[PDB]
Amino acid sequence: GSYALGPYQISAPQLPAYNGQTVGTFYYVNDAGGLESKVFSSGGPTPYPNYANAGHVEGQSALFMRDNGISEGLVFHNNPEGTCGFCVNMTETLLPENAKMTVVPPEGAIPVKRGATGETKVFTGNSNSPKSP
């Protein structure tokens, strides 16, 4: 299971075993067309603590895209209960307009909270921006 990210074909990197804090690798393409990655973990402070997902792996991925003018990104996280409902419903607001970001939970993720998803999701950013707290 590899995923397209511009010209590159990327499959899941090895990740820590999940212990209650989500960990993930974000991949993106810089202005030169080169491949870059960042590691994010959940639980930190954030500039938008009013959004429950801002400090998540996928939320930091989204806010990094906003702050760096990135338009296409791919994130792998290790949470076995999938991508949460906060992220399903708020991630296009953090994303800058029209930016595309694909979130890949671990294989065989099984959600336990309604609204959460165990499937890969492709968010494309909408026009609204985070409100400041």
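Counting begins at 1, following the sequence as shown.
- The PDB entry reports B-factors from which the mean C-alpha value can be compared for 56 to 64 and 91 to 99; the larger average falls on 91 to 99.
- Mean C-alpha B-factor is higher over 104 to 112 than over the other stretch, the pair under comparison being 104 to 112 and 30 to 38.
- Sorting the modelled residues of the chain by their CA temperature factor places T83 in the middle third.
- In this PDB entry, the Cα temperature factor of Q9 sits in the middle third of its chain's modelled residues.
- Compared with the other modelled residues of the chain, the Cα B-factor recorded for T22 ranks in the lowest third.
- Per-chain ranking of the deposited C-alpha B factor places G73 in the lowest third.
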